Every structure is written in structure tokens, then in C-alpha cells.
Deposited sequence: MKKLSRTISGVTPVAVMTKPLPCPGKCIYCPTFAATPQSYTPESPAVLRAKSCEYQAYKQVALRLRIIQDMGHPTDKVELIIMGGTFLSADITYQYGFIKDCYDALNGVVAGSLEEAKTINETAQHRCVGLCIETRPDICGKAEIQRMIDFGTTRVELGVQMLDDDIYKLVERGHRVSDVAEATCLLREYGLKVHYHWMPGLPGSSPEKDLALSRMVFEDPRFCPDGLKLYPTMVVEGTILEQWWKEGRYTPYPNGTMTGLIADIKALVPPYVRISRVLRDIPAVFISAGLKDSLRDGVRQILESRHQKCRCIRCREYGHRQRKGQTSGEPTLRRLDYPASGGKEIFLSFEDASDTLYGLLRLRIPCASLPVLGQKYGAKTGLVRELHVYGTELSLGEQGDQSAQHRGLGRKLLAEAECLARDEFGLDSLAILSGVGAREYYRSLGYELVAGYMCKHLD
């Protein structure tokens, strides 16, 4: 009986718009502006957006619900966090880790090191960011934070469709950001919302179909935000004037269903029949399955453990990179494979049964060594999970859990 990974979602402070525009609003628009009554955003405002206080409060709430806190995924919401002052960012993350640890460390590195064997393990850290705010520097900082997953605010993959954030972004930005995120071994999720102004159900469906056929994209998951008119927002005005008309409930539901119907086996759908990862969660003993698909000039290998009824027991994402962007310093070769995710259902492995993870990793190492002739494997693990990989011969190098293939 193993306990699930509990989400700890916190928001950063209201920030000015990343771009310079006299017409732009006082503060940068967040997706959460259209989910205002969410517990986490209201909680965020009630804490004056203090990281430590938010995390401590969240931990207390989760503990009071009777839910486990031994495995935690930190989620940094806002989408504009990486555009803030550097000191603020590092101090925020450090505050989060301090709140998880129960002790105040002398630095971020010490906080992470401490969290490696703390009670509240941070087995994952997810950061929301905009496609145009996701370059090499931002990514390196995210590595410094101990980031394992990124949610890109794509919203919808078309330049002529109005976004819910100010200014907006381009498809090329999404492509570049996705490429860079993959090349650094991060998990990539897209914020996906049908019903945006200037679109149509047919267009949303077509784009939803294209996002899984074009090698530039193909995210690990979609976060479905059914677009709707929220009072106190600009969309409300757009609806008053008649400039925007939302889909009927049956239309939206049908569209969501059609979207779920066309997703590849390696995709996980979550809402803010379906044959995705989440709708196969969990007869016969599971066997090992492999599914390859091209992405960002590299190869993606989706390994999984599934039984005769196609029920999913575990999965591993192994990337054969287009280049070696992570610097690992001589000891680990010029060509290195990346394990972007290891998930033995329904949870994440942190401590150091559990055999499925070992088997998945073994197959990954085998494929990387024999078929693609790679020198080593690198795993961008959450800090609180590092120990697990340490029990399997991996050692910490520049934020990655690395092992030389032999």
C-alpha cells in the first residue's frame, strides 16, 4: 500500500507584464484569473503570496484532511514567475523547500540536500510558464530549482486565436520552448483550452489533432481548461458587446470527448472513452510495451507495463536527444540519454513491489546502451526522489542523477 504524490500548489506575487506596452494591464495576466474561486489562488491572496506561509498552510490542510504528505509535488502557478527578479525566484523556491523541511537552511542547495532525506519529500517540482518565457537561461534556473515538470501556457496552438494572457505568443515560441525543455530532460505539459475568441469547435478539434501529429509538439500531457465567461474579467465585456460567444454545454462536452478520443498512448489528459494515461491507471500479469515517436529532432521512447486489458501499471519516458545541452563534465560522455519520467502507478518512487521501476530503468539502460550506443543515462529527478536512484547506482551531477552505461 503505497501513498500517492500530493500536489502542493502555490502562487507567486502579482508581477508587471513581461513586455513593455502602455495598453497592457497593471499586472501580468494569469490563467488562474479565470479560475478565481479555486482554493489555491484564494489561499495565495490570503497569504499575501508568501511562499513559506502558503506551503506551510497547504501542508497543514492536507494533513487535516487525512491525506499523506510524505511525497509532495510543488507546483508554482502564475506563468510569469521566471520573468521576475532572480533573487525573488531563488528566495521563493528556497522558502518552499524550507517549509517542506521544517527547518531553515543556509541556502537553496542545503535546503534541497536536506529535503533529499526529509519527511515531506519533494518528488517533483512543476513550474507554469509562458512559451515566450522559456529560454535556455530560464530552463537552467529551473534546473537550479529542482524542476521536473513544466506547464506551458499554450492555451491554443494558433497565432490568430486570442489568448487569455496579455500580448500573447506565437506557435514558433511553443516549438522552441518544447524543444529546449525536452533537450534538458524535463516533462512537458500544455495548457489546452477550447473555446477561445477567434476560434471554433472544428478548429479546436483540428488543432488538437495536429498537436499530436507534428514533431514540433506532441506534449506529454494536456491540461484542459474549458473556456467560459467569468464575471469580473475582460471576456465578460467581450460577451456583453457580443464580440465573444461561448460554446453550449453539449458542444463543449462533445468537443472535449472528441479531443480525448484522439490522444496517443503516451499522453496524459487532466481536467482543471478516453484511452490516455489517466484513463488506464489501475487478470493478466503486465508485459513491457515500447512506443517510439519523433520529437524536436530527437527520438522519444515511451516504455510501459500493461496487461491484456491494456491497463497501465507503470511508464518510463526515454529521450534520444538531438544534442547534449546538459553539461555533465567529461566523466559522462558526449552522448547521453535522458529519462524524462519514471512513474510506477500510481505514484513516484522516492525511498531507497517497486520492481516495475527497476525493470523499466533496466530496459531503458539496455536500449540506450545497445540500440543507440549511448555512453550514459541522465535523470532529472526531484530532490526528494534522488535517494531512490542512488540505490540504483546513480550519482548526482549538476542536478541530474547520472550513471555510466556498461
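- Residues of the deposited sequence with no modelled C-alpha atom fall in the ranges 1-6, 279-308, 319-327, 398-405.
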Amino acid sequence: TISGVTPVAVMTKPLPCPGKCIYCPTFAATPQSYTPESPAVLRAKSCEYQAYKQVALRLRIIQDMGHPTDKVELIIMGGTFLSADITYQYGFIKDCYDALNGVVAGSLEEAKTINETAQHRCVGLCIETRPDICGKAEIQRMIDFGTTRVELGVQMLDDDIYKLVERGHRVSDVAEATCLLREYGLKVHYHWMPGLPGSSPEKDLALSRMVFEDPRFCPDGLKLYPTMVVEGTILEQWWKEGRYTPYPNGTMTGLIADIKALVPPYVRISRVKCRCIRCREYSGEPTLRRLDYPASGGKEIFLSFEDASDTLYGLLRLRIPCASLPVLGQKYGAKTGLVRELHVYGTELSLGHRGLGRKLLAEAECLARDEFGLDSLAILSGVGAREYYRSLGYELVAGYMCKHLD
From here on, numbers count along this sequence of modelled residues.
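- In this crystal structure, the stretch out of 97-105 and 157-165 whose C-alpha atoms carry the higher mean B factor is 157-165.
- Looking at 329-337 and 304-312 together, the entry lists the larger mean B-factor for 329-337, computed on C-alpha atoms.
- If you compare the C-alpha temperature factors of 203, 149, 112, 130 in the entry, 203 comes out highest.
- When the C-alpha B factors of 279, 118, 143, 193 are read from the deposited coordinates, the top value falls at 279.
- The entry lists a Cα temperature factor for residue 5 that places it in the middle third of the chain's modelled residues.
- The PDB entry assigns residue 60 a C-alpha temperature factor belonging to the lowest third of its chain's modelled residues.
- In the PDB entry, a CA B factor belonging to the lowest third of its chain's modelled residues is recorded for residue 51.
- The entry lists a Cα temperature factor for residue 68 that places it in the middle third of the chain's modelled residues.
- Among the modelled residues of its chain, residue 381 has a C-alpha B-factor that falls in the lowest third according to the deposited record.
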